[PDB]
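Peer 1: Mind having a look at this structure? Questions to follow.
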Ligand SMILES: CC1=C(c2cccc(O)c2)[C@H](c2ccc(OCCN3CC(CF)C3)cc2)Oc2c(O)cccc21
Ligand SMILES: CC1=C(c2cccc(O)c2)[C@H](c2ccc(I)cc2)Oc2ccc(O)cc21
Ligand SMILES: [Cl-]
């Protein structure tokens, strides 16, 4: 059924799955409390990504274990798009570069986050595109790791071809030429490589992580 | 000159500029210790790096950048670049990595170094994926150039914006080149989009392997790992 979705239906479902923008309640305390609350919505958001519930729980948890920080980051970067120089962690928590210095080592990631946000800005990324990218992150990041082993990986890649299709359909409908569609597709997906980088540097900086058993409980 | 190339001229440019396959140090002690295996791999990686600098200077658009940005892009990209070279070389060797034609290692010989087994398995997996996708050489040289230009672009003023804008134009051209090969090979427009995406999603995996690898090299206290920024600017000169 997830494989039979049209482009419009794919977008419509992902737009409906979007978690809410939460509010903040030492600076690590705030961000952590916040990220924990965003995490719970993310689990329930992931179950509404088409094709995700068609996976075993082992593979749902593995995809979530490899993607959770990329997912928080792309959401953060998206929120902040219309607030240059600042990171809109929450509407009552708009931090700038310099306030990143409050915590040692945080400055570096803060600046990468900002740059991404500026990149999305000057590409003028759309909310329709955003939700497609966020799902690609979910499905794509942990997939490169028996009877179920091959069938699941194939399913995931066929879904990903569908989100590709969606992204293209959206671009065509927006008035982009074929060449322009290809290019914008590549530009968006190359930015994902930067978000992986940021996720690894942030995951390193946090050394405070969802364990395999932890996430398995939340799906159920 | 760079943005005036055609698809065909771009491929040829990148194909001609490919660096050579090199051999490991000959007649090392086998089996290896955790030290000697790293010594062989490190001697080999260092030697590849010199060829990579001269390769980087032939990727269209790269020399058009100031010297500070060229060194920045290489700092960010060098291990990703060494890793995709490896993955490619190891495509027709299931379950094995072809570090050198005289150094073909399986999963078990990665256990010889604490922590390498993990990275090893990520490299094998990526290698299989290229095999199943049937990655061509023409596509490979585009992906390699894409890693070089893109990995560091989002991390560096009127001119600092001119340099980004330029890099993205070249990148936009390598993308056209990728598509043009896919069309020339006779894939449908849909198939073309899906393959382009599958390929660029893999770069995301390569970046993850490169960060982990970078973490691993720092882990076992290798003084010094990584080409320092100091080091690459030396080699970039003439
Ligand atoms: C990019 C970013 C942060 C960010 C992330 C890394 C570095 C950095 O400088 C900022 C921290 C953060 C992220 C994750 C985090 O996870 C903690 C793990 N949880 C505690 C539970 C187990 F005890 C699971 C803590 C802080 O705050 C955020 C948010 O609140 C919401 C969205 C993005 C971020
Ligand atoms: C991927 C890789 C290494 C590798 C693989 C797994 C883990 C790891 O830390 C390094 C290791 C390496 C050792 C020292 C340095 I300085 C750089 C790379 O040896 C290599 C040689 C050539 C090559 O193309 C890739 C590698
Ligand atoms: Cl939205």
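To match Swiss-Prot, the residue numbers of chain B are left as they are there, and the shown ones run 306-461, 465-546.
Method reported for this entry: X-ray crystallography, 2.2 Å.
A Cβ is built for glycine as well, from the same backbone N, Cα and C atoms used for every other residue.
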Peer 1: Which one of B:459, B:537 shows up in Swiss-Prot with the note phosphotyrosine?
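Peer 2: Per Swiss-Prot, phosphotyrosine applies to B:537.
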Peer 1: Quick one, can you pull the C-alpha distance from residue B:461 to residue B:465 in angstrom, nearest whole number? The 3 residues in between aren't in the model.
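Peer 2: Distance across the unmodelled stretch, Cα to Cα, is 10 Å.
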Peer 1: Fewest other Cβ atoms within 10 Å: which of the recorded positions B:353, B:537 wins that one? Let me know.
Peer 2: B:537
Peer 1: Which whole-number value in Å describes the distance between the Cα atoms of residue B:353 (17beta-estradiol binding site) and residue B:447 (S-palmitoyl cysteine)?
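Peer 2: About 19 Å separate the Cα atoms of these two residues.
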Peer 1: Run through the Cβ atoms and count how many others sit within 10 Å of the one on residue B:394 (17beta-estradiol binding site).
Peer 2: 17
Peer 1: What Cα-Cα separation, expressed in whole Å, is found between residue B:447 (S-palmitoyl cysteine) and residue B:537 (phosphotyrosine)?
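Peer 2: It is 25 Å, counting Cα to Cα.
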Peer 1: Where the criterion is a Cβ under 6 Å from an atom of ligand 2, which of the recorded positions B:394, B:447, B:524, B:537 meet it?
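Peer 2: Among the recorded positions listed, those whose Cβ sits under 6 Å from ligand 2 are B:524.
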